[PDB]
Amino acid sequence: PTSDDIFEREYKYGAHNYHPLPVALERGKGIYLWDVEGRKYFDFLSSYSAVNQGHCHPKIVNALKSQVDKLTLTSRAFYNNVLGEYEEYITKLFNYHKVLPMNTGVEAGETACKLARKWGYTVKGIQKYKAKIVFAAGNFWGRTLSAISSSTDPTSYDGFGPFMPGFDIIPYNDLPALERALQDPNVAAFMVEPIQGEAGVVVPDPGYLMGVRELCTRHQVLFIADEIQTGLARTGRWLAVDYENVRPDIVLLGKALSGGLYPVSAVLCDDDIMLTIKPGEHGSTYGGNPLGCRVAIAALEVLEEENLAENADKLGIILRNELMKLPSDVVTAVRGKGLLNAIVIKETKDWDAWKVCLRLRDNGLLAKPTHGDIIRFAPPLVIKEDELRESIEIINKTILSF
């Protein structure tokens, strides 16, 4: 069963909603992936930062294998013995009263929108269905109809019917535009990524998160931090907002919340927001099931016990320092925090980001481009310095071979 057979089988029986890098993995462990021919690659995508803990981490695997024999799903129509233990752990770890469990990142994002609107009408006193939520251009938080209604990427929203009203969009990294938008008293919330992931690891200016927090507080607007990709040690802190000591009203977690073993997402906020949703008013079949909760407890324990936030911080400085040694004729910019980084490519007639990742793949490193001239570098946080430096030499020789 060859890589080419794998490509063709999906081409016939699967939807064409993705254009993947031509590589066919069958095994993964830590920072490494193997294709069906047995080739080894460095994973520098981490499945969009979902395997921060590395592929098939034994503690998370053990948690899954232990729980799957006892009980995997009662639905939240009944109680089980695991959900509450996870809820107490995650709320005390991040210091919010309550967590609302969901499965995927979009669902957490949708939950936060519902919380923001419900808070807007029942607490702030906005007249019903005039509540607005402000988003930042370049934002990506999934592909439901509501999520693409806030996007500024035509590939995401074009052709997908009329869009959800009440979503305003302002430039990213722009405190005066935020203040202008918050003059409207019908605004209920501002949702923003501390670093925009799918936009190309767009790091805002120092002080932006402090300005957002101040502006949101000044105008009584919920600050929703989407940490589904930047959180859980990826940028060198528990949350990327920690860099500016900023406390959002709602935090969104996901992806790495399970080490890649189970779709688990979470919405954290205090009682005055969380309890605006009453029994019967929100839910999810698989949300908060005991199997995903066991996995998530183990995945959080891994990040803490192995000190992955500090490892990501320390190794991320090395990565960016070395990447900045590449000549400015070929690499125009290097940006990121911790182990979430990107380079900007001098796009010409000779090459683009897809061609570089094709050659990076040939040299044993898997990375994906974000839109034509940008390459993301996001390896699992369990990578060690020597593995990192070997990775860098692969990136150096690949980039300079064009």
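Under this definition, the rigid core comprises the largest set of C-alpha atoms superposing within 1.5 Å between the forms. Residue numbers here begin at 1 and follow the sequence given.
Outlying stretch relative to shown form, 322 to 330 versus 259 to 267 in 9 other deposited structures of this protein, C-alpha RMS (core)
Looking at 322 to 330 versus 259 to 267 in 9 other deposited structures of this protein, the farther one turns out to be 322 to 330.
Outlying stretch relative to shown form, 45 to 53 versus 348 to 356 in 9 other deposited structures of this protein, C-alpha RMS (core)
Of the two stretches, the larger average C-alpha offset in 9 other deposited structures of this protein falls on 348 to 356.
Going by the mean C-alpha B-factor recorded in the entry, which is higher: 213 to 221 or 285 to 293?
213 to 221 has the higher mean C-alpha B-factor.
Determine, for stretches 98 to 106 and 309 to 317, which one has the higher mean CA B-factor as deposited.
Stretch with the higher mean C-alpha B-factor: 309 to 317.
Determine which member of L268, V331, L73, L257 has the highest CA B-factor, using the values in the deposited entry.
Comparing C-alpha B-factors across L268, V331, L73, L257, the maximum falls on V331.
Largest Cα B-factor, entry values, listed residues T276, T144, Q183, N139:
Largest recorded C-alpha B-factor: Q183.
Cα B factor band for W354 (lowest, middle or highest third within the chain):
As the PDB entry reports it, the C-alpha B-factor of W354 lands in the highest third of its chain.
Ranking the modelled residues of this chain by C-alpha B-factor as given in the entry, is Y262 in the lowest, middle or highest third?
For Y262, whose C-alpha B-factor we compare with every modelled residue in the chain, the answer is the lowest third.
Where does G207 sit by CA temperature factor within its chain: lowest, middle or highest third?
Ranked within chain, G207 CA B lands in the middle tercile.
Can you tell me whether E322 has a C-alpha B-factor in the lowest, middle or highest third compared with the other modelled residues of the same chain?
Its C-alpha B-factor, which the entry lists for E322, ranks in the highest third among residues of this chain.
What third of its chain's C-alpha B-factors does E227 belong to: lowest, middle or highest?
Tercile = lowest for this residue's CA B-factor.
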